[PDB]
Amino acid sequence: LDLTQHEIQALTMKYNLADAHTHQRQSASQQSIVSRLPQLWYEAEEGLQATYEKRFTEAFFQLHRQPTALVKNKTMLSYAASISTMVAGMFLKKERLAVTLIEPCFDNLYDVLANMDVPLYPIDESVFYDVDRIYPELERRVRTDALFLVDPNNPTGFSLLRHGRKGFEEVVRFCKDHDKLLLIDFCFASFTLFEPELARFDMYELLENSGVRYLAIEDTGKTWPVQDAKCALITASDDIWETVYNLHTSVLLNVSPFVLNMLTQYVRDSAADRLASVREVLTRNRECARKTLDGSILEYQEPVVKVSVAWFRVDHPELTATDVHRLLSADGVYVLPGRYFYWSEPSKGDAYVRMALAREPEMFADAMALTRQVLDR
């Protein structure tokens, strides 16, 4: 059993607060994209595959303000971030690399690498909380030749961007100095964009300048309500690019140019409204959750980054997260118990619950009312 199987069951329920996938409806301007889907289809039929790859990649890294990625122009597209992760797994296995992986994190990252026989060892997120302790903690704790981070992190919303540039600079300094491969999953990085103090800087400038061996994964699926018709992106350092390219081409020839055409519309639309239609739904549900559960047995854990998931600690002398999950699901509200996010030792997660916020606000507000009723015993 894993979180994905919990999410399969939650997808049959009205109050599904489990999977982080986007289930809010379309904004007014996004309904305009839906209306042009026939034109987007016929356009992709007549044009060249590489044109739609280029236009998508350009729009994506323009919105994310990663100009270095567009100069190097070596990013590869796949169906989903887990597929990019499997390509990384093939590289890890070829090079006999074991991975020190962030904990907590969503469990399928562990599972898919473990299912490829990649040796995996945890490193706790708290190693990154104090910027001046990052490098010595990594020197003491990382004993593999690859380090896999998720930033911003799922489920906590933590980000090294709390430290400006310096948190990432210290991680990169460690990996370069010690000849480590740095893997980073940026799937939640869109939730930093347009933030006054947290907006992501050009990561690819730092990765390229440092000369570090790296694999960087980006995603669309958590940001936009595209019903999992999505694209992920992977970028490799120059010294491993050829090997990773050949691995990637064994998996797929191309992402659908129709999907790429459509996603480009969503990226451009969010450039125009500075991600308002994404951010506004999350803010309404996040605030509704905080206000409803303030003072309850579910203690909100404020995230560094306003990501699409909310993380709660269970404050009770006897009840665990397993009990809370059972009590809520009995009344029709499905959350994820924290145990699976502590993939190296699930018992560490029996004090946490994750709730998805990428939801229609009316349904979400009714889910919170029912949740509060259950927790009131």
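Note that residue numbering follows the sequence shown and begins at 1.
Stretches 274 to 282 and 111 to 119 differ in mean C-alpha B factor, with the higher average recorded for 274 to 282.
Higher average CA B factor: 287 to 295, of the stretches 287 to 295 and 170 to 178. Comparing the listed residues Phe60, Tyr52, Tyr42, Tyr334, the entry records the largest Cα B-factor for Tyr334. Highest C-alpha temperature factor among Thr68, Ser308, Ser344, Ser347 per the entry: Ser347.
Residue-level temperature factors show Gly89 in the lowest third of its chain, judged at the C-alpha atom. Sort the modelled residues of the chain by CA B factor and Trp241 lands in the lowest third.
Among the modelled residues of the chain, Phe148 sits in the lowest third by CA temperature factor in this PDB entry.
When all modelled residues of the chain are sorted by CA temperature factor, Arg140 is found within the highest third. Per the deposited record, the Cα B-factor of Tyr266 falls in the middle third when ranked against the other modelled residues of its chain.
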